[PDB]
Amino acid sequence: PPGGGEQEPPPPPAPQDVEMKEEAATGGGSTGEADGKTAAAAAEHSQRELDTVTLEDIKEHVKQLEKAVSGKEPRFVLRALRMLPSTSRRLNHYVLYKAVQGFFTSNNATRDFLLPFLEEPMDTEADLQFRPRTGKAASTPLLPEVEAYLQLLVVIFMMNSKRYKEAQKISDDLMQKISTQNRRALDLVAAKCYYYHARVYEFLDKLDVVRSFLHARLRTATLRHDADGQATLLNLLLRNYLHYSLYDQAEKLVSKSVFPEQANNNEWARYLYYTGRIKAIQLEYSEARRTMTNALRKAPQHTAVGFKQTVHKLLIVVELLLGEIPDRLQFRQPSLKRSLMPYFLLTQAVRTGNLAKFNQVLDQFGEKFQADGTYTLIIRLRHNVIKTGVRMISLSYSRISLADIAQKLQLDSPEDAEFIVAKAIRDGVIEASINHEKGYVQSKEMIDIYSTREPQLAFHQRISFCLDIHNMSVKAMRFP
Amino acid sequence: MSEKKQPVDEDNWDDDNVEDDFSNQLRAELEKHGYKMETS
Amino acid sequence: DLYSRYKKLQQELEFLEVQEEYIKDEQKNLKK
Amino acid sequence: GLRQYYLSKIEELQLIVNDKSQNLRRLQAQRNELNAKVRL
Amino acid sequence: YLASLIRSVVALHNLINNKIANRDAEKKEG
Amino acid sequence: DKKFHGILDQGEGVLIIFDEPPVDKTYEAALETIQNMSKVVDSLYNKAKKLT
Amino acid sequence: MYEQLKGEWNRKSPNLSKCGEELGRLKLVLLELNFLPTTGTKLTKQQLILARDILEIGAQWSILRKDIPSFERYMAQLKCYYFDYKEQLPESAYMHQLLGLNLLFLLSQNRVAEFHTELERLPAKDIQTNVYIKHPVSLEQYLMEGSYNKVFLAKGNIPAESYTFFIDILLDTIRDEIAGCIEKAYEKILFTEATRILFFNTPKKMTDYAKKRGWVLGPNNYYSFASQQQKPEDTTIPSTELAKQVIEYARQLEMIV
Amino acid sequence: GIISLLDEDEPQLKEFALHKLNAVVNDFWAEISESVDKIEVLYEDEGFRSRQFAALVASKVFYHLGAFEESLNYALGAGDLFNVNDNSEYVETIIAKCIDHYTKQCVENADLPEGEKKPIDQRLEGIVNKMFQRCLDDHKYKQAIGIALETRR
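Chains as they are written, first to last, in full-length UniProt numbering: chain H, 18 to 497; chain S, 1 to 9, 40 to 70; chain R, 39 to 70; chain X, 19 to 58; chain Y, 261 to 290; chain Z, 371 to 422; chain F, 94 to 350; chain L, 7 to 159.
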């Protein structure tokens, strides 16, 4: 009781200090300015809801003795939130439940008491037509149930809480969704709950009847609103279709839903990456690396970014497949350095011409590549090792025996050492001829490449590109 | 801010190119020259 | 009456193209 | 049906309202500025 | 190619010259 | 020592002599502008990137 | 239990008067129930384990009679059955030898895209285990680089079943390929060296290739037509295209947009 | 290949493929992305007696394929087997583009219907007045003058 009564009594009110200022300012705003007048294309309540997801990601950790959040639920759920003269008593009810935690004891919600914390939208003239309240009054309890996820006989409490929000989601899909942004501000509440709708299901449940419900969700999308409904319903469509073998890749080629034209700078950034791997996994190399690069330089400024630990790995998988390689550790971190050393040792073998050096990696770190889920692209680098090597040898040696190149590439056979060189010319790596009767492979010396048209093609790509950024500097300037 | 919906979870560059060339090739190439005289 | 919205947003597109061409077709003559 | 025959484009004939007004603004700000400098 | 490269940087320096006159007056004037 | 330029042959001693002032003025005096302009965009960080 | 089928299926009945009765037996499957995966009644497997054993052997004789369009009919239906998350046999003595059999014939079908989208369905069953499916993916791997002799060392290594019709198409797509790769910049080859680079001692099959393409039949000789002289020295093809591009530079240079 | 069963032209399977396309065309709406001919000619090979039921399932899959107009035309040929489908959540999809183009065809008509007119499809034009009845039916009538004038009727 002294170790309790000095360390337990400040966890109730100082969260009550900041929760009368963040979602009470959201409840004070997004009931009267999302159901109210307007929250326009330049709104604040979405970014305010962006402020009330991230703060509560790392806010709550403990099972909430002293009712420091276990008493917030009997506070924050007895809410009509209809109009100002009936919420002037509710502005007292933000303080009337504070002494319920203090003078008395509330109901400590420890893994059992969430069932009398969900049935309240009948109590004291509550509604569901005001879904700028009730979609947020879903998400204000729907987040902290599932934020820790706590995975011990809880899943049904998360489910029935989603079912009441799914009842709000059907009223979203059918009933009066126009110019109140009832779809728009709840497409985020659709999108943000889907990740809590998935990590429940990616932990212990199925995946696929939600997909047909997501097709029914994609049905009404772009069918009433063409803003942030075309965007988040397609990355959340793709998120396990890539990991499954179902159709979902040539469908997304001819699909019209490729461009929502705006997706709020962070869901748009990874959007070019989930379809960036689709061209990577189905052999479309050169088209992929520009939507892989564009999916990199549109991401914000966080540090614990473990998906960015994957895109920097994957972006130069396909560039090893094309030949080009940048320095990958050019932004090396204390958390990037350990995530590069098996994969950086791979491209060490690629810039060399050795053949079973590839085999000395693929037995040492063959298990690591299957953890990242990338092995099926790794296995085909032996075509690109041998074309790197045959370009390397033909440029160095001019008149080399074909019964010498195989011993240097440890090919163990001169009789197909002619044959890779045949496919080197069929692909077009080296030009010159082979004296198959003698055995030497002669190469012609290069000639005046300066007086060829091809450096103008190095220019014309970049003349037209540099006039574009001068035009974009004009088009983005005179907003005043 | 800083949401990032998580689905899953000079001094440096020139020597890395120099690390690429002699990665496993004659690191302390100092004493083979003392042994290459009587052989070659 | 979704078609009242149709016709008024049609008037909207029309007069907005009006104003856009009016503002647009001066950037040369003003300068000259 | 006939209800789903003319609704999808009136949904966003309202969204296509202020684009051309923004065009008017980004153009006319500079246009008025030019007229003003000239008569100045 | 050099002269067009210069054209992009100059208008970008002009872009900040409008972002100095956009943000530093909405709190001042209103 | 580049006081004279040419080539020497080993088989029979043939000195193929050639000369051209190739070009120097056009490219490297336009190349150093690029690294001057790189430092200008670097100095744009000290009035734009810090500021807005 | 409505079978009508358990007498003449294991023994060879080569194109006899069974197949029309077999399809009429597959007709009497469809009166009773659809081949919809039957999400309810997991215990009733006679429509699932007994009926699909008819459909997997129905794809087996579809290659022995050279019935190619009807072969991909049954194998696509078998793919829609192991898609089911309902618990079945995980495999049998056939599932490797049929799924990887589709991998080996679509190899011959000249569509490399569907060769690689199979790889979602079995991550570990290619390298660390399931050596009978290592052999087809390593084969097309060996067809990817220049290696041809290690390909026909795998034509000395056919472990699982016969694979006869697939490697014989794999003969034919290699026959024109060497007849394609005889056409590189070579010198004179006598009538022994490139005579044996495919798999021929001395038939008249070489004249069937020597009159198909060039490298003329002569005194123990393949004549080289490595001219490549006609195409260069084009100022005109730039001068049409660049005169377009230079005005295109001046469009987004002076005219305000 | 849940539609590659159409390789058999025997009329019993041609009448079983429609018997099956009722509850099996639901899931793999992506696995049928390339089935125009095996629906149009299979809808003209009278062994498949429910010929417009195949056009029904093709309009099911092609709107899913984003081929709104291919699903649209397969709704056109889908006869009364589609024209009665009017009030649901996915039928409203392929009953957007139909009059989305019929309304402009009839704009051109009521502008000048004298000669050289577009071919009245009777199923593109069929559900037009049939849904004008819906303008009567559920007693919503302001949207009907706009339907008529939009379709220039």
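Note that beta-carbon positions come from the ideal geometry of N, C-alpha and C, so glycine has one too.
Given a length threshold of 4 residues, each whole run of the alpha helix (DSSP H) inside the region 201-269 of chain H is given here in chain order: 201-221, 226-237, 249-255. For the region 22-45 of chain L, the residues whose beta carbon sits under 7 Å from a beta carbon of chain F are, in order, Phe-22, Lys-26, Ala-29, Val-30.
Per the coordinates, the alpha-carbon of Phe-22 (chain L) lies some 57 Å from the alpha-carbon of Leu-428 (chain H). Counting only runs of at least 3 residues, the region 166-204 of chain F fully encloses no beta strand (DSSP E) element at all.
Residue contact with chain L for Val-271 (chain H): present (Cβ-Cβ distance below 8 Å to some residue of chain L). In summary, the residues of the region 50-82 of chain L whose CB is separated from some CB of chain H by less than 7 Å are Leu-71, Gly-72, in the order they occur in the chain.
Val-458 (chain H) has H:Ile-417 as its beta-bridge partners, per DSSP. Excluding its 5 nearest sequence neighbours in each direction, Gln-149 (chain L) has C-beta neighbours in its own chain below 8 Å: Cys-141, listed in chain order. A Cβ-Cβ separation of about 17 Å leaves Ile-100 (chain L) out of contact with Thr-157 (chain L) under the 8 Å criterion. At least one C-beta of chain Z is nearer than 8 Å to the C-beta of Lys-279 (chain Y). By the Cβ test, the region 152-162 of chain H is in contact with the region 67-81 of chain H, since at least three Cβ pairs between them sit closer than 8 Å. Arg-479 (chain H) and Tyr-261 (chain Y) have their C-alpha atoms roughly 7 Å apart. Contacts with chain S at 8 Å (Cβ-Cβ) include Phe-324 (chain H). Taking every protein chain shown into account, the CB of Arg-57 (chain S) has fewer than 16 other CB atoms within 10 angstroms, so this residue is exposed. Sixteen is the threshold: since fewer than 16 other Cβ atoms of the shown chains lie within 10 Å of the Cβ of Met-94 (chain F), the residue is exposed. Residues of chain F with a Cβ closer than 8 Å to the Cβ of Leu-11 (chain L) are, in chain order, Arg-166, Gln-170. Chain-order list of chain L residues neighbouring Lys-120 (chain F): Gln-18, by C-beta distance under 7 Å. Counting C-beta atoms within 10 angstroms of its own C-beta, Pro-317 (chain H) has fewer than 16 neighbours from the protein chains shown and is therefore classed as exposed.
Contact note: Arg-283 (chain Y) reaches chain Z through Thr-422, using a C-beta cutoff of 7 Å and chain order. Contact with chain R is absent for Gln-139 (chain L), since none of that chain's Cβ atoms lies less than 8 Å from the residue's Cβ.
Taking all protein chains in view, the Cβ of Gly-100 (chain F) is surrounded by fewer than 16 other Cβ atoms within 10 Å, so the residue is classified as exposed.
With a threshold of 16 other beta carbon atoms within 10 Å, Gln-58 (chain L) meets it and is buried.
Taking 8 Å as the CB threshold, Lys-148 (chain L) lines the interface with chain R. Closest in alpha carbon position to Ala-41 (chain H), among H:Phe-121, H:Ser-418, H:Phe-93, is H:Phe-93. Between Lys-269 (chain H) and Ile-298 (chain H), the C-beta gap is not smaller than 8 Å, which leaves the two residues out of contact. The count of Cβ pairs closer than 8 Å, one atom from the region 236-255 of chain H and one from the region 287-294 of chain H, reaches three, so the stretches are in contact. Around the beta carbon of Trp-43 (chain S), fewer than 16 other beta carbons lie within 10 angstroms, which makes this residue exposed. Of the residues assessed, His-375 (chain Z) falls on the exposed side of the cut-off, its CB having fewer than 16 other CB atoms within 10 angstroms. According to the DSSP assignment, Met-489 (chain H) belongs to the alpha helix (DSSP H) that extends over 471-492.
Comparing alpha-carbon positions, the option among H:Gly-49, H:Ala-244, H:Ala-420 lying closest to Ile-34 (chain X) turns out to be H:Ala-244.
Taking a C-beta distance under 8 Å as the contact criterion, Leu-135 (chain H) and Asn-177 (chain H) qualify as a contact pair. Annotation: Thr-308 (chain H) to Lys-70 (chain R) spans about 44 Å, alpha carbon to alpha carbon. At least one CB atom of chain R sits nearer than 8 Å to the CB of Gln-46 (chain X). When beta bridges are read from the DSSP output, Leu-310 (chain F) appears opposite F:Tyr-315.
If you look at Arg-57 (chain L), you'll find it in the alpha helix (DSSP H) that goes 57-70. The three-state reading of DSSP puts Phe-121 (chain H) in coil, since its state is none of H, G, I, E or B.
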